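Here, residue 1 is the first one in the sequence, and each next residue gets the next number.
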Amino acid sequence: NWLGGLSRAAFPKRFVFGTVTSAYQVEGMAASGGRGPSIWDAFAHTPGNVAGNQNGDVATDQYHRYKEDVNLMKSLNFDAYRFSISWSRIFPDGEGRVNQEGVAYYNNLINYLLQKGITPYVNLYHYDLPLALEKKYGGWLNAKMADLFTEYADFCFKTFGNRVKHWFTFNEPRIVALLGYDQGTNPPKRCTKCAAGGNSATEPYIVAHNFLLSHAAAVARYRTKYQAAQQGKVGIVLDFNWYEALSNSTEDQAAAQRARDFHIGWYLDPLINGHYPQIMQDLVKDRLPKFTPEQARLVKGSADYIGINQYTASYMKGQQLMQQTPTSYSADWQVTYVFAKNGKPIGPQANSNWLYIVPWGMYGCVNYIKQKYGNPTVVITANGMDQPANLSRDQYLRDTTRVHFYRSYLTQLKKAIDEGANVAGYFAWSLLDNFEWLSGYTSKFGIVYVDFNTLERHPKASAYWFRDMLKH
Ligand SMILES: OC[C@H]1O[C@H](F)[C@H](O)[C@@H](O)[C@@H]1O
Ligand SMILES: [Zn+2]
């Protein structure tokens, strides 16, 4: 049977199922409704930065169609919707003046979701730093971001928190550090060789530290000022792709573990244990900032749940640990990526080159967090795969590969849960085909097809798969 034994009965009672989007990727109205530009608006509008010179000006136009999209998610039997608030839609300059039309939009969305029995899970930040804050303060390089983010978060708690009870601060600060400041391929396009300037060996760590400090400050504000009345929760969303030792050799096993530590431990060790991973301290040394005891105590325990974005897996090959001139966060790991073992690829690829379809990676990741971090409450906040550009509507709708993807990954998640992992929910990236950053509209992650000429929505087979699986 195409559900493969999966249904709500196959998951814990009250387990949450949802879909996910992000503001810039679906809203549109990027320069309308009072919204100020984000760093992604400037980036996307620069010729050559995005596939086809595309941008999120219109995107899926969810801004005008949100009731259609909410009706669709309810008809597909989902319990929840993870979306983000655009910082520059509320504060066009990131600070000071409030854009009331922006506030009204999120009020309207949140109220309609609740009207339809859909639980809002709200991200405050998804790659979309107000451009004004980048220019005035230097964005995530400036420790002042803690105050600036806290003030923004405070406004959101005050304005929406009587209705919103499930918050996330950030989405994937590792990717911001990696792509924005190590490789320099996402805004602000910083790296050692980059035209904008930078230092791939230092800036990724500065940025990560400031994300953690800003997270902790925003949560401290929530807990001291809003929690008593509002009785909600605040977490953070982290990407974690699985790393598997190429062989059982001491050095390959060490390499896979180093990769885990530099990937997820970088944030989870501070959040759970109040310090950076030991290996990062040992290898990165004085390029890794130190939490004072007070900061570490503010950071530790500051996530009510951990959002995990899980997509793929890689084999890791080791080497003798070397004394090396620092060059980048990426080279700091001292590992070698490998995508085949015993003559077989780890998995076939989806449309995105980085996305190897490896369902057991999901078990790997969830089991690892359970065993290593005292089984914290985890929410899978994104999981999915993409189709390529240029297909016919019908070809998009017959997404049999995506159906197989969800059945397999969810079976592996069920396996980890049945072994005792504290996973509270699962969210499919994405409800809709949308703006896939550098790939623009050439990558289609949705369970619902979006015709980007007419903006019409059409559920794909995977959407119907979810509807069947999730019926009450
Ligand atoms: O790459 C697919 C998807 O991966 C993660 F979920 C990111 O948070 C999204 O912004 C992105 O679109
Ligand atoms: Zn419109």
- Under 6.0 Å between ring centres, would you say that holds for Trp167 and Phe157? yes
- Message: Looking only at the side chains, is there a donor atom on one of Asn351 and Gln387 sitting less than 3.5 Å from an acceptor on the other?
- Response: no
- Between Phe170 and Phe168, is the gap from one ring center to the other below 6.0 Å? no
- Pair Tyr311 and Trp354, ring centroids less than 6.0 Å apart: yes
- Query: When you check the gap from the basic side-chain N to the acidic O, do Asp304 and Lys165 get nearer than 4.0 Å?
  - Reply: no
- Message: Is the distance from the ring center of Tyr105 to that of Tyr66 below 6.0 Å?
- Response: yes
- Task: Mind checking side-chain contact (heavy atoms from CB on, under 4.5 Å) for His263 and listing every partner two or more places apart, or none if nothing turns up?
- Result: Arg174, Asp239, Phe240, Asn241, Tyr243, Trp333
- Item | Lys/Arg N to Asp/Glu carboxylate O, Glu244 vs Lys341, below 4.0 Å | no
- Query: Looking at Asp269 and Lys300, does any basic side-chain N land under 4.0 Å from a carboxylate oxygen?
  - Reply: no
- OH of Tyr127 to OG of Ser84: how many Å apart, nearest 0.5 Å? 11.0 Å
- Salt-bridged, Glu151 to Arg221, with N to O below 4.0 Å? yes
- Message: List the residues meeting side-chain contact (heavy atoms from CB on, under 4.5 Å) with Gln227, not counting sequence neighbours, and say none if there are none.
- Response: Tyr222, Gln231
- Message: If you take the centroid of each ring, where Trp contributes its six-membered ring, are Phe155 and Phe91 closer together than 6.0 Å?
- Response: yes
- Item | Cationic N near anionic O, under 4.0 Å, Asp69 to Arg457 | yes
- If you measure from the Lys or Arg side-chain nitrogens to the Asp or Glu carboxylate oxygens, is any gap between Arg35 and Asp41 under 4.0 Å? yes
- Message: List the residues meeting side chain to side chain donor-acceptor pair (under 3.5 Å) with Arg398, not counting sequence neighbours, and say none if there are none.
- Response: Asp394
